[PDB]
Structures are given as structure tokens and as C-alpha cells.
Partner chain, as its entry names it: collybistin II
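Below you'll find only one chain, the form solved without the partner chain, shown as C-alpha cells.
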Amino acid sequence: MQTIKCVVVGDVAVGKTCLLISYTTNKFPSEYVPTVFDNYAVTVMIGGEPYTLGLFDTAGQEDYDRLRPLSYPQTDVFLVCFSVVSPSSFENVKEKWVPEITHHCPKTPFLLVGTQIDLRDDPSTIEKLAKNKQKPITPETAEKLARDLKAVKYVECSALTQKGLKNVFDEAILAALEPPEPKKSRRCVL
């Protein structure tokens, strides 16, 4: 059986876990959201062949800067996430996450993922957003950052409404798909 490793990174609270659960369980963790990350698997049919898709959540706290990279080995693709309603999370993508990923896994592809896009149109949100003359990160703004940082592409979604959620992982797979050629892989290595 063939496998694809996808590590998910990003600032704390951007909705990494919710999007993983929502995707794997088809239901948004409205109840007790496991405030303790995990490791999931999904079986995906590609060309009529079954593939195991490993999804790895991570801890975004600085105190894990030491540990976190321990999961990177073997990753076929990364999901650098930021909330389209959190500028901090967005700026922190170029300053921290991309650099980190590129450092250890330089050949490993990554996608830029905007999360919680349902809160962009939300009134209650943009109301406390102008409380620093800021506005929701735009797709183009994000698309631009993606272009610059050289991400495979930009994708956003809502773990809550599940909008584009499936697509986020479809792209992950497409990007992850390795080359048969003399093991010309992009898999991360110690």
C-alpha cells in the first residue's frame, strides 16, 4: 500500500485541529474540541489504487520549537495555515513557518492554507477587527504571499462550514504525488 505524509503547521488557534477533525469525521468539533493534537489516517483512491493519507497535527507554541520539527521527517507536503481573520497568524507565516519548513524540508512542497473563511463575512468579527484599523486577510493578499514564498498554491476553507475543506486536501495529494524516477523524492529528511 502506498502512503502520503502531510504535516500541518501554523500559529496556535488558527483552527488546525478543527479542520483536521472536520475533514476526517465530516463533523466540526462543536462539543469538547480535543485540546490535545493527534495523528489521523485516511484512505484515498488514486488511479483505482488505495493510498494511505497520514495527517499530522502539530503544536504551534514556541515551547515546542524544540520538539515540533521531530514530525517533519518523511513529510511529502506541508500545510502552512493561518486564519484569514488573524493578521498575526498571517504575518507569522512568512516570518516563522515557511522558514522552518524550508530549513529542514527544503525539497518538500507546501500549500498556503487560509482557515476560518466563514468569519470573513461575519459582522461580529470585522467589528473588533477595525479595532486596529485591520481587515480580514484577502485571498489576493494571501495569493501574493503564496507567490512570493513560493508555495505550491493558496487554498482556504472553513472547518466549520466545510467549504473548500475537501479541496484543501485534494490539492495536498496532487502536490504530494511523488515521481517514480530514480527516487527523485521531495520527502523530508533528518
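Residue numbers count along the first chain shown, from 1.
Averaged over their C-alpha atoms, the temperature factors of 32 to 40 and 50 to 58 are higher for 32 to 40. Legend: mean Cα B-factor per stretch from the PDB entry, 64 to 72 versus 159 to 167; the higher mean is in 64 to 72.
Going by the entry's values, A130 shows the largest Cα B-factor out of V152, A130, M45, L149. Compared with the other modelled residues of the chain, the Cα B-factor recorded for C105 ranks in the highest third.
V93 sits in the highest third of its chain by CA B factor, as recorded in the PDB entry.
Not on display, but discussed next: the form solved in complex with the partner chain.
Residue contact with the partner chain in the deposited complex: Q61 places a heavy atom within 4.5 Å of it. Using a 4.5 angstroms threshold between heavy atoms, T108 stays clear of the partner chain in the deposited complex. Though the partner is left out of this view, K144 does not reach within 4.5 Å of the partner chain in the deposited complex, counting heavy atoms only. Contact between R66 and the partner chain in the deposited complex is found at the 4.5 Å heavy atom cutoff.
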